[PDB]
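Here is the structure we will look at.
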Amino acid sequence: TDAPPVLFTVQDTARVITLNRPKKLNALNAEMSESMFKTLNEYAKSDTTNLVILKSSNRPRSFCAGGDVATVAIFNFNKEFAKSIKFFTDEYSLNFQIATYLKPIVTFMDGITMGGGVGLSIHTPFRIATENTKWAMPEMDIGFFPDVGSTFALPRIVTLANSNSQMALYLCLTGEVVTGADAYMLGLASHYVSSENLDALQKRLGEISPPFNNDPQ
Amino acid sequence: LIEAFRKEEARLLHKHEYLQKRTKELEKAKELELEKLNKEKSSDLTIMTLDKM
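If you're matching them up, the sequences are chains 8 and V in order.
Under the entry's author numbering, the residue at position 35 of the first sequence is numbered 68, and the numbers go up by one with no gaps.
Under the entry's author numbering, the residue at position 41 of the second sequence is numbered 147, and the numbers go up by one with no gaps.
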């Protein structure tokens, strides 16, 4: 009866995953993570799905404002530590699935991509940014650590002043917000596409297919 | 003739009981079969749905 937290739809041979928690800026809870993790395993087995597209239904307001840690805090105050460990096992397991996924995943970072949102895009070779992109890792102000494998990605993908993870440490320790073109130039985004062109791109992604006897992997 | 009348009556009564038992079995099997059909599988995640609407 209630609107599902994450919506799944078909786009020709592409499968669109849309985060559907607009009031929470698409914050990721255990329910969302579990749903996405299970549906991605099915798409991996399917021979009719060529690629996946992870977007939000709230763009350009936000793509994912981060994992739902406010709920994890209440669990700690209530000693519901089993609930908290379930929230992190689901999220981190989804971040590991995306990183090792054999089919192309294309994340549309059209809006605030902070925290868990970074985990949804940083692990995909096709992480598209827009003028509305706002990448940040504001965990130091909440007392947490840089999670979602950001300590394995940022030290390996940043482009400038990252010979010894200097820039990676700057973003993780200061929580600086990077915006649009700057995220693309730093390596946080693989591509820079105007938000207006996302509809057209989505259609083209659904229409392309592996040629002859080549699999999508 | 006494054996014929008593075997026939027994056969009729035994046939009613067998039908009642058979029908109940079929009914139970149908419920089990239907329950398996309604069981959610992992493949169901790839079927698009609009439950709310």
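We put the CB at the ideal spot given by N, CA and C, even for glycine.
Inside the segment 92-136 of chain 8, DSSP marks whole alpha helix (DSSP H) runs of 4 or more residues at positions 102-110, 114-132, from first to last along the chain. Between the segment 162-174 of chain 8 and the segment 210-229 of chain 8 there are three or more C-beta pairs closer than 8 Å, enough to call the two in contact. What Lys71 (chain 8) touches in chain V, judged by beta-carbon distance under 9 Å, is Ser148, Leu151, going in chain order. Contacts with chain 8 at 7 Å (Cβ-Cβ) include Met154 (chain V). Per the DSSP secondary-structure output, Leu61 (chain 8) pairs in a beta bridge with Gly100 (chain 8).
For the segment 36-58 of chain 8, the beta-carbon criterion of a distance under 9 Å to any beta-carbon of chain V is satisfied by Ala36, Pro37, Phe41, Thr42, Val43, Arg48. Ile190 (chain 8): not part of any beta strand (DSSP E); member of the alpha helix (DSSP H) spanning 183-190, first to last residue. By the neighbour-count criterion, in which a residue is buried when 16 or more other Cβ atoms sit within 10 angstroms of its Cβ, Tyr76 (chain 8) is buried. In this chain, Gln44 (chain 8) is not harboured by any alpha helix (DSSP H); it is covered by the beta strand (DSSP E) spanning 39-44. According to the DSSP secondary-structure assignment, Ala162 (chain 8) is paired through a beta bridge with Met142 (chain 8), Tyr225 (chain 8).
When DSSP reads this structure, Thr82 (chain 8) sits in no beta bridge, so it has no partner. With fewer than 16 other Cβ atoms from the protein chains shown falling within 10 Å of its own Cβ, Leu138 (chain V) counts as exposed.
Under DSSP, the beta-bridge partners assigned to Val211 (chain 8) are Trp168 (chain 8). Residue pairing by DSSP places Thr51 (chain 8) opposite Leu40 (chain 8), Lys88 (chain 8) in a beta bridge. Counting only residues of its own chain and dropping the five nearest sequence neighbours on each side, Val105 (chain 8) has a CB closer than 7 Å to the CB of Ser117, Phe120. The residues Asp123, in chain order, have a CB closer than 6 Å to that of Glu67 (chain 8) in the same chain once the five nearest residues on each side in sequence are set aside.
Rounded to whole angstroms, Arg237 (chain 8) and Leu204 (chain 8) show a C-alpha spacing of 34 Å. No Cβ-Cβ contact shorter than 7 Å links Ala194 (chain 8) with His156 (chain 8).
Its Cα nearest to that of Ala36 (chain 8), the residue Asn53 (chain 8) stands out among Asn53 (chain 8), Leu61 (chain 8), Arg48 (chain 8). In the three-state DSSP reduction, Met147 (chain 8) falls in the strand class (E or B).
By the Cβ criterion, the segment 81-100 of chain 8 is in contact with the segment 39-53 of chain 8, since at least three pairs of Cβ atoms, one from each stretch, lie closer than 8 Å.
Of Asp174 (chain 8), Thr166 (chain 8), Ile50 (chain 8), the smallest CA-CA separation from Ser228 (chain 8) is found for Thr166 (chain 8).
Close to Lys158 (chain V), with beta-carbon spacing below 9 Å, are these residues of chain 8 in chain order: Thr34, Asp35, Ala36, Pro37.
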